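Remarks on the structure that follows.
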Amino acid sequence: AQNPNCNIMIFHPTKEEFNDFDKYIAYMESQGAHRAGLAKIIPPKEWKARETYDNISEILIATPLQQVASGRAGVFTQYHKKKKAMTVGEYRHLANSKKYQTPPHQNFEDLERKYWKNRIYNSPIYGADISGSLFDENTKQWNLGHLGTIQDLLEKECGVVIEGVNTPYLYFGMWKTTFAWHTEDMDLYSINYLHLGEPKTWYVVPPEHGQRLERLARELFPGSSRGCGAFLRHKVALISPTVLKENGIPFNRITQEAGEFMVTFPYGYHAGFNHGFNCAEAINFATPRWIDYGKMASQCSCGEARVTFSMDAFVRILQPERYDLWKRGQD
Ligand SMILES: O=C(O)CNC(=O)C(=O)O
Ligand SMILES: [Mg+2]
Ligand code: NI
Ligand SMILES: [Zn+2]
């Protein structure tokens with residue numbers, strides 16, 4: 001078996017290899033990339049997402065979210081407090097203010113230490129889940145707005161026609177903005193492009209050991225776990241690398257920089273944080289190999305997780321037994 005230690009693999013496709021998205025994802029999996037739960041893809045030097053970012057200030061972040069932490073430094077939950085709308089221009093100025101700017105640091109390792117030591121004592125503001133794309137319509141390769149849809153994949157594999165669409169989202173980050181431990185909805189894949197700005201650090205647990213993470217999480221968040229069998233679906237729990245090592249949870253870390261793609265694989269739990277002002281674009285996708293994961297994916301039916309319109313049909317087709325109970329949590 002390829003990649004038996006489940007290391008995060010980094011790929012450098014040629015412009016010729018960057019032409020066919022599906023084929024390249026299959027190639028990465030033939031090399032064992034999926035075993036890590038996350039891969040990095042460096043685009044060919046010839047490729048560009050768009051010509052410039054000079055005109056992005058006017059995007060509206062309708063609902064900025066302040067991420068407020070409770071708990072201890074290495075084991076905490078965060079909730080999202082809604083703030084008033086601001087433009088990307090205003091957000092970028094806020095990110096760079098003294099209150100919110102990245103602190104002086106020697107290197108990524110020093111910044112990681114400061115994140116985990118001080119994250120809980122501050123509340124950064126995240127512009128998350130904004131529908132839209134920054135890929136130029138004439139960018140033809142790995143354009144996250146022009147991938148084959150999940151609904152077409154499900155139709156090709158299973159012969160059923162369903163409603164729904166699947167479009168990209170933009171994320172505007174600042175120092176300490178955090179993504180909690182999670183898999184994708186229905187354990188889909190994700191692809192994330194860091195368009196501009198400061199890096200994003202990622203932690204990931206190999207899919208083959210996801211249940212060990214979930215067991216630790218049940219122990220670390222005992223109330224949350226009582227309230228919902230799939231409470232990691234709430235996307236609120238953080239667990240530091242130090243705590244993961246103490247508990248023998250296998251994981252890996254890697255830092256994404258601007259111009260780089262990350263791909264998360266089905267049932268790869270991931271979490272991370274942003275180093276400073278940045279903008280990422282992401283979307284979920286499927287391949288034939290996802291279908292079995294989608295069929296076995298855990299679901300939140302407590303009401304907290306509350307997901308897109310498109311997810312209904314995935315549950316309806318792939319998890320018909322779970323559909324009634326799950327939809328009762330959506331209504
Ligand atoms: O960029 C972020 O904040 C979160 N991204 C992801 O969880 C992803 O692309 O799968
Ligand atoms: Mg603009
Ligand atoms: Ni994700
Ligand atoms: Zn729940």
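Just remember, in the structure tokens the first chain shown is A, the second B, etc., residues are 1-based per chain, and ligands are 1-based in the order shown.
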Self-check item: Long-range neighbours of residue 71 of chain A as a PyMOL selection string, 9 Å cut-off, only C-alpha atoms, 6 positions minimum in chain
Solution: chain A and resi 77-78+120
Show me which residues line ligand 4, defined as having an atom within 7 Å of a ligand atom where only C-alpha atoms and all ligand atoms count, and present them as an mmCIF file with N, CA and C atoms, in the first residue's frame.
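Saved to pocket.cif:
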```
data_model
loop_
_atom_site.group_PDB
_atom_site.id
_atom_site.type_symbol
_atom_site.label_atom_id
_atom_site.label_comp_id
_atom_site.auth_asym_id
_atom_site.auth_seq_id
_atom_site.Cartn_x
_atom_site.Cartn_y
_atom_site.Cartn_z
ATOM 1 N N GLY A 227 -25.364 15.744 24.194
ATOM 2 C CA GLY A 227 -26.379 16.422 23.391
ATOM 3 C C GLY A 227 -26.544 15.999 21.922
ATOM 4 N N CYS A 228 -25.499 15.397 21.348
ATOM 5 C CA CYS A 228 -25.490 15.038 19.916
ATOM 6 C C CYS A 228 -24.383 14.048 19.603
ATOM 7 N N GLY A 229 -24.783 12.879 19.094
ATOM 8 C CA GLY A 229 -23.846 11.823 18.668
ATOM 9 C C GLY A 229 -22.791 12.240 17.631
ATOM 10 N N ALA A 230 -23.116 13.226 16.811
ATOM 11 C CA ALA A 230 -22.188 13.751 15.814
ATOM 12 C C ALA A 230 -21.863 15.234 16.088
ATOM 13 N N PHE A 231 -21.536 15.600 17.347
ATOM 14 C CA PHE A 231 -21.358 17.031 17.690
ATOM 15 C C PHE A 231 -20.176 17.713 17.007
ATOM 16 N N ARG A 233 -19.860 17.778 13.935
ATOM 17 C CA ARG A 233 -20.662 18.463 12.899
ATOM 18 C C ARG A 233 -20.987 19.901 13.250
ATOM 19 N N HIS A 234 -20.984 20.255 14.550
ATOM 20 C CA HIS A 234 -21.275 21.639 14.955
ATOM 21 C C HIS A 234 -20.166 22.592 14.648
ATOM 22 N N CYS A 300 -25.710 14.931 12.188
ATOM 23 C CA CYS A 300 -26.316 15.650 13.321
ATOM 24 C C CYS A 300 -27.841 15.753 13.098
ATOM 25 N N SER A 301 -28.596 15.252 14.076
ATOM 26 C CA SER A 301 -30.084 15.385 14.167
ATOM 27 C C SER A 301 -30.575 16.144 15.439
ATOM 28 N N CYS A 302 -29.651 16.772 16.193
ATOM 29 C CA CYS A 302 -29.973 17.608 17.359
ATOM 30 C C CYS A 302 -30.439 19.003 16.938
ATOM 31 N N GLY A 303 -30.229 19.380 15.678
ATOM 32 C CA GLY A 303 -30.629 20.708 15.191
ATOM 33 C C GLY A 303 -29.545 21.775 15.062
ATOM 34 N N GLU A 304 -28.397 21.575 15.716
ATOM 35 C CA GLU A 304 -27.347 22.590 15.758
ATOM 36 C C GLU A 304 -26.639 22.769 14.409
ATOM 37 N N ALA A 305 -26.297 21.657 13.759
ATOM 38 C CA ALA A 305 -25.389 21.708 12.599
ATOM 39 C C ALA A 305 -25.990 22.447 11.406
#
```
Quiz prompt | segment 201-218 of chain A surroundings by only C-alpha atoms, 6 Å radius, close-in-sequence under 4 positions cut, as an MDAnalysis selection string | solution = chainID A and resid 35:37 222 225 251:255 267:273
Self-check item: Within-9 Å residues of ligand 2, basis only C-alpha atoms and all ligand atoms, as an MDAnalysis selection string
Solution: chainID A and resid 53:60 87:89
Could you please take those selected residues and save C-alpha atoms as a PDB file, in the first residue's frame?
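Final file, out.pdb:
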```pdb
ATOM      1  CA  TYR A  53      -6.617  41.163  -6.758  1.00  0.00           C
ATOM      2  CA  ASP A  54      -6.644  44.928  -7.049  1.00  0.00           C
ATOM      3  CA  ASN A  55     -10.398  45.156  -7.199  1.00  0.00           C
ATOM      4  CA  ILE A  56     -11.655  43.100  -4.164  1.00  0.00           C
ATOM      5  CA  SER A  57     -12.219  45.760  -1.502  1.00  0.00           C
ATOM      6  CA  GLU A  58     -15.833  46.181  -2.484  1.00  0.00           C
ATOM      7  CA  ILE A  59     -16.922  42.653  -1.660  1.00  0.00           C
ATOM      8  CA  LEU A  60     -19.374  42.660   1.253  1.00  0.00           C
ATOM      9  CA  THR A  87     -16.592  45.422   3.106  1.00  0.00           C
ATOM     10  CA  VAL A  88     -13.420  43.520   2.481  1.00  0.00           C
ATOM     11  CA  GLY A  89     -11.682  46.916   2.504  1.00  0.00           C
TER      12      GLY A  89
END
```
Taking only C-alpha atoms and all ligand atoms into account, list the residues no farther than 12 Å from ligand 3, as a PDB file with N, CA and C atoms, in the first residue's frame.
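Generated file (out24.pdb):
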```pdb
ATOM      1  N   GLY A  37      -5.472  12.274   4.611  1.00  0.00           N
ATOM      2  CA  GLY A  37      -6.702  13.052   4.765  1.00  0.00           C
ATOM      3  C   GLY A  37      -6.602  14.454   4.168  1.00  0.00           C
ATOM      4  N   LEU A  38      -5.409  14.799   3.735  1.00  0.00           N
ATOM      5  CA  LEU A  38      -5.137  16.143   3.205  1.00  0.00           C
ATOM      6  C   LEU A  38      -3.930  16.065   2.286  1.00  0.00           C
ATOM      7  N   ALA A 128     -16.707  34.397   6.850  1.00  0.00           N
ATOM      8  CA  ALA A 128     -16.800  33.005   6.375  1.00  0.00           C
ATOM      9  C   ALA A 128     -18.030  32.764   5.553  1.00  0.00           C
ATOM     10  N   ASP A 129     -17.952  31.768   4.679  1.00  0.00           N
ATOM     11  CA  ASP A 129     -19.113  31.214   3.997  1.00  0.00           C
ATOM     12  C   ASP A 129     -19.840  32.259   3.161  1.00  0.00           C
ATOM     13  N   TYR A 169     -17.372  29.058  -1.997  1.00  0.00           N
ATOM     14  CA  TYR A 169     -17.466  30.051  -0.968  1.00  0.00           C
ATOM     15  C   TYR A 169     -16.111  30.695  -0.736  1.00  0.00           C
ATOM     16  N   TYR A 171     -13.623  32.814   1.969  1.00  0.00           N
ATOM     17  CA  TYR A 171     -13.301  32.986   3.378  1.00  0.00           C
ATOM     18  C   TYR A 171     -12.286  34.109   3.540  1.00  0.00           C
ATOM     19  N   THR A 178     -10.116  30.781  13.181  1.00  0.00           N
ATOM     20  CA  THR A 178      -9.974  29.378  13.455  1.00  0.00           C
ATOM     21  C   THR A 178     -11.052  28.584  12.779  1.00  0.00           C
ATOM     22  N   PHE A 179     -10.661  27.448  12.206  1.00  0.00           N
ATOM     23  CA  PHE A 179     -11.608  26.406  11.829  1.00  0.00           C
ATOM     24  C   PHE A 179     -11.500  25.182  12.741  1.00  0.00           C
ATOM     25  N   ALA A 180     -12.623  24.821  13.328  1.00  0.00           N
ATOM     26  CA  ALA A 180     -12.700  23.782  14.280  1.00  0.00           C
ATOM     27  C   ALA A 180     -12.587  22.401  13.597  1.00  0.00           C
ATOM     28  N   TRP A 181     -12.302  21.372  14.413  1.00  0.00           N
ATOM     29  CA  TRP A 181     -12.180  19.993  13.971  1.00  0.00           C
ATOM     30  C   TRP A 181     -13.474  19.487  13.300  1.00  0.00           C
ATOM     31  N   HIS A 182     -13.388  19.045  12.043  1.00  0.00           N
ATOM     32  CA  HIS A 182     -14.558  18.569  11.285  1.00  0.00           C
ATOM     33  C   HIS A 182     -14.155  17.768  10.071  1.00  0.00           C
ATOM     34  N   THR A 183     -15.126  16.977   9.590  1.00  0.00           N
ATOM     35  CA  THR A 183     -15.085  16.478   8.200  1.00  0.00           C
ATOM     36  C   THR A 183     -16.052  17.340   7.426  1.00  0.00           C
ATOM     37  N   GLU A 184     -16.023  17.237   6.116  1.00  0.00           N
ATOM     38  CA  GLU A 184     -17.007  17.881   5.281  1.00  0.00           C
ATOM     39  C   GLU A 184     -18.398  17.253   5.453  1.00  0.00           C
ATOM     40  N   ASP A 185     -19.429  18.029   5.090  1.00  0.00           N
ATOM     41  CA  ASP A 185     -20.795  17.545   5.008  1.00  0.00           C
ATOM     42  C   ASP A 185     -20.797  16.236   4.205  1.00  0.00           C
ATOM     43  N   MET A 186     -21.431  15.201   4.750  1.00  0.00           N
ATOM     44  CA  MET A 186     -21.593  13.948   4.064  1.00  0.00           C
ATOM     45  C   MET A 186     -20.237  13.310   3.735  1.00  0.00           C
ATOM     46  N   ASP A 187     -19.211  13.691   4.521  1.00  0.00           N
ATOM     47  CA  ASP A 187     -17.812  13.322   4.324  1.00  0.00           C
ATOM     48  C   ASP A 187     -17.334  13.493   2.891  1.00  0.00           C
ATOM     49  N   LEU A 188     -17.748  14.597   2.265  1.00  0.00           N
ATOM     50  CA  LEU A 188     -17.307  14.949   0.934  1.00  0.00           C
ATOM     51  C   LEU A 188     -15.835  15.308   0.930  1.00  0.00           C
ATOM     52  N   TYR A 189     -15.297  15.458  -0.270  1.00  0.00           N
ATOM     53  CA  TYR A 189     -13.978  16.064  -0.382  1.00  0.00           C
ATOM     54  C   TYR A 189     -14.182  17.584  -0.299  1.00  0.00           C
ATOM     55  N   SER A 190     -13.075  18.279  -0.036  1.00  0.00           N
ATOM     56  CA  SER A 190     -13.006  19.695  -0.242  1.00  0.00           C
ATOM     57  C   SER A 190     -11.737  20.079  -0.971  1.00  0.00           C
ATOM     58  N   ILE A 191     -11.817  21.186  -1.675  1.00  0.00           N
ATOM     59  CA  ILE A 191     -10.665  21.819  -2.261  1.00  0.00           C
ATOM     60  C   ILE A 191     -10.717  23.284  -1.875  1.00  0.00           C
ATOM     61  N   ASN A 192      -9.569  23.782  -1.431  1.00  0.00           N
ATOM     62  CA  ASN A 192      -9.396  25.108  -0.912  1.00  0.00           C
ATOM     63  C   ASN A 192      -8.189  25.762  -1.626  1.00  0.00           C
ATOM     64  N   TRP A 202      -2.921  23.970   8.900  1.00  0.00           N
ATOM     65  CA  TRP A 202      -3.883  22.888   8.867  1.00  0.00           C
ATOM     66  C   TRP A 202      -3.337  21.761   9.707  1.00  0.00           C
ATOM     67  N   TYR A 203      -4.222  21.141  10.489  1.00  0.00           N
ATOM     68  CA  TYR A 203      -4.004  19.873  11.136  1.00  0.00           C
ATOM     69  C   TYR A 203      -4.991  18.876  10.559  1.00  0.00           C
ATOM     70  N   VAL A 204      -4.600  17.605  10.481  1.00  0.00           N
ATOM     71  CA  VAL A 204      -5.447  16.595   9.894  1.00  0.00           C
ATOM     72  C   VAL A 204      -5.170  15.239  10.540  1.00  0.00           C
ATOM     73  N   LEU A 232     -19.186  16.956  16.515  1.00  0.00           N
ATOM     74  CA  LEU A 232     -18.123  17.587  15.668  1.00  0.00           C
ATOM     75  C   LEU A 232     -18.694  18.248  14.394  1.00  0.00           C
ATOM     76  N   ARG A 233     -19.860  17.778  13.935  1.00  0.00           N
ATOM     77  CA  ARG A 233     -20.662  18.463  12.899  1.00  0.00           C
ATOM     78  C   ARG A 233     -20.987  19.901  13.250  1.00  0.00           C
ATOM     79  N   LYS A 235     -18.962  22.058  14.422  1.00  0.00           N
ATOM     80  CA  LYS A 235     -17.773  22.835  14.075  1.00  0.00           C
ATOM     81  C   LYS A 235     -17.425  23.862  15.110  1.00  0.00           C
ATOM     82  N   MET A 262      -5.209  23.225  -1.310  1.00  0.00           N
ATOM     83  CA  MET A 262      -5.312  22.021  -0.445  1.00  0.00           C
ATOM     84  C   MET A 262      -6.537  21.197  -0.799  1.00  0.00           C
ATOM     85  N   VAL A 263      -6.426  19.880  -0.722  1.00  0.00           N
ATOM     86  CA  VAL A 263      -7.541  18.992  -0.918  1.00  0.00           C
ATOM     87  C   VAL A 263      -7.681  18.172   0.347  1.00  0.00           C
ATOM     88  N   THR A 264      -8.900  18.147   0.912  1.00  0.00           N
ATOM     89  CA  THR A 264      -9.207  17.255   2.007  1.00  0.00           C
ATOM     90  C   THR A 264      -9.972  16.101   1.396  1.00  0.00           C
ATOM     91  N   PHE A 265      -9.744  14.917   1.953  1.00  0.00           N
ATOM     92  CA  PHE A 265     -10.289  13.694   1.474  1.00  0.00           C
ATOM     93  C   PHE A 265     -11.395  13.197   2.396  1.00  0.00           C
ATOM     94  N   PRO A 266     -12.282  12.329   1.865  1.00  0.00           N
ATOM     95  CA  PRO A 266     -13.438  11.922   2.625  1.00  0.00           C
ATOM     96  C   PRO A 266     -13.055  11.420   3.967  1.00  0.00           C
ATOM     97  N   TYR A 267     -13.769  11.898   4.971  1.00  0.00           N
ATOM     98  CA  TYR A 267     -13.546  11.513   6.378  1.00  0.00           C
ATOM     99  C   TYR A 267     -12.132  11.850   6.938  1.00  0.00           C
ATOM    100  N   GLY A 268     -11.420  12.805   6.328  1.00  0.00           N
ATOM    101  CA  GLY A 268     -10.247  13.407   6.956  1.00  0.00           C
ATOM    102  C   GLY A 268     -10.603  14.590   7.854  1.00  0.00           C
ATOM    103  N   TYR A 269     -10.522  14.398   9.154  1.00  0.00           N
ATOM    104  CA  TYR A 269     -10.844  15.446  10.122  1.00  0.00           C
ATOM    105  C   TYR A 269      -9.775  16.497   9.990  1.00  0.00           C
ATOM    106  N   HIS A 270     -10.165  17.759   9.921  1.00  0.00           N
ATOM    107  CA  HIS A 270      -9.168  18.827   9.882  1.00  0.00           C
ATOM    108  C   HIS A 270      -9.614  20.036  10.700  1.00  0.00           C
ATOM    109  N   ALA A 271      -8.640  20.854  11.033  1.00  0.00           N
ATOM    110  CA  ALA A 271      -8.781  22.041  11.858  1.00  0.00           C
ATOM    111  C   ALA A 271      -7.558  22.908  11.516  1.00  0.00           C
ATOM    112  N   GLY A 272      -7.625  24.181  11.833  1.00  0.00           N
ATOM    113  CA  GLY A 272      -6.511  25.066  11.609  1.00  0.00           C
ATOM    114  C   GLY A 272      -6.770  26.501  11.934  1.00  0.00           C
ATOM    115  N   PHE A 273      -5.836  27.341  11.526  1.00  0.00           N
ATOM    116  CA  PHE A 273      -5.958  28.782  11.806  1.00  0.00           C
ATOM    117  C   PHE A 273      -5.238  29.605  10.757  1.00  0.00           C
ATOM    118  N   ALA A 280      -9.351  32.903   1.097  1.00  0.00           N
ATOM    119  CA  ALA A 280      -9.396  31.593   0.512  1.00  0.00           C
ATOM    120  C   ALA A 280     -10.744  31.366  -0.143  1.00  0.00           C
ATOM    121  N   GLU A 281     -10.756  30.489  -1.135  1.00  0.00           N
ATOM    122  CA  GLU A 281     -11.972  30.079  -1.804  1.00  0.00           C
ATOM    123  C   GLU A 281     -12.025  28.578  -1.694  1.00  0.00           C
ATOM    124  N   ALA A 282     -13.189  28.014  -1.397  1.00  0.00           N
ATOM    125  CA  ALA A 282     -13.318  26.589  -1.257  1.00  0.00           C
ATOM    126  C   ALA A 282     -14.657  26.050  -1.766  1.00  0.00           C
ATOM    127  N   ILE A 283     -14.686  24.762  -2.079  1.00  0.00           N
ATOM    128  CA  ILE A 283     -15.899  24.096  -2.473  1.00  0.00           C
ATOM    129  C   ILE A 283     -15.785  22.604  -2.176  1.00  0.00           C
ATOM    130  N   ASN A 284     -16.900  21.969  -1.914  1.00  0.00           N
ATOM    131  CA  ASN A 284     -16.948  20.539  -1.861  1.00  0.00           C
ATOM    132  C   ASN A 284     -17.078  19.913  -3.224  1.00  0.00           C
ATOM    133  N   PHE A 285     -16.523  18.699  -3.347  1.00  0.00           N
ATOM    134  CA  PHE A 285     -16.649  17.876  -4.532  1.00  0.00           C
ATOM    135  C   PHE A 285     -16.687  16.397  -4.163  1.00  0.00           C
TER     136      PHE A 285
END
```
Exercise. Determine which residues of segment 78-256 of chain A DSSP labels as helix (DSSP H, G or I) from the backbone of this structure, then write them out as JSON, numbers by chain.
Key: {"A": [88, 89, 90, 91, 92, 93, 94, 95, 108, 109, 110, 111, 112, 113, 114, 115, 116, 117, 118, 119, 120, 121, 144, 145, 146, 150, 151, 152, 153, 154, 155, 156, 157, 158, 185, 186, 187, 207, 208, 209, 210, 211, 212, 213, 214, 215, 216, 217, 218, 219, 220, 222, 223, 224, 225, 226, 227, 231, 232, 233, 234, 241, 242, 243, 244, 245, 246]}
Exercise. Excluding segment 102-118 of chain A and residues on its chain fewer than 3 positions from it, collect all residues at most 12 Å away from it, counting only C-alpha atoms, and give them as an MDAnalysis selection string.
Key: chainID A and resid 69 72:76 94:99 121:124 173:178 197:203 238:243 253:257 272:278
Quiz item: What residues in segment 73-322 of chain A get the DSSP label strand (DSSP E or B)? Please answer as a ChimeraX atom specification.
Solution: /A:75-82,86-87,125-131,169-173,178-182,189-197,200-205,237-239,252-256,261-264,269-274,278-285
Quiz item: So which residues touch segment 18-22 of chain A within 10 Å, counting only C-alpha atoms, skipping near sequence neighbours fewer than 3 positions away, as a ChimeraX atom specification?
Solution: /A:12-15,25-27,43-44,47,140-143,147-148,286-287
Practice problem: Please provide as an MDAnalysis selection string all residues within 7 Å of residue 145 of chain A, with the sequence filter that same-chain residues fewer than 6 positions apart are discarded (counting only C-alpha atoms). | Solution: chainID A and resid 133 167:168
Just the selected residues (N, CA and C atoms), exported as an mmCIF file, in the first residue's frame, please.
```
data_model
loop_
_atom_site.group_PDB
_atom_site.id
_atom_site.type_symbol
_atom_site.label_atom_id
_atom_site.label_comp_id
_atom_site.auth_asym_id
_atom_site.auth_seq_id
_atom_site.Cartn_x
_atom_site.Cartn_y
_atom_site.Cartn_z
ATOM 1 N N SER A 133 -16.950 33.662 -6.063
ATOM 2 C CA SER A 133 -15.700 33.174 -6.616
ATOM 3 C C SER A 133 -14.806 34.336 -7.031
ATOM 4 N N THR A 167 -21.903 25.588 -5.212
ATOM 5 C CA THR A 167 -21.109 26.711 -5.674
ATOM 6 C C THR A 167 -20.041 27.041 -4.626
ATOM 7 N N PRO A 168 -18.995 27.774 -5.029
ATOM 8 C CA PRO A 168 -17.904 28.034 -4.089
ATOM 9 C C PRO A 168 -18.201 29.062 -3.030
#
```
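If only C-alpha atoms and all ligand atoms are the atoms counted, then among A:165, A:279, A:158, A:237 the closest residue to ligand 1 is A:279.
In this comparison, which uses only C-alpha atoms and all ligand atoms, the residue of A:40, A:328, A:92, A:226 approaching ligand 1 most closely is A:40.
Nearest to ligand 1 of all the residues A:126, A:135, A:293, A:323 is A:126, counting only C-alpha atoms and all ligand atoms.
Take atom CA of residue 159 of chain A and atom CA of residue 325 of chain A: the distance between them is 25.2 Å.
Atom to atom, atom CA of residue 119 of chain A and atom CA of residue 70 of chain A stand 10.3 Å apart.
Nearest residue to residue 39 of chain A, choosing from A:193, A:91, A:290, A:11 and counting only C-alpha atoms: A:11.
Our summary of the geometry notes that atom CA of residue 298 of chain A is positioned 23.3 Å from atom CA of residue 161 of chain A.
Closest approach to ligand 1 among A:127, A:329, A:248, A:320 is made by A:127 (distances from only C-alpha atoms and all ligand atoms).
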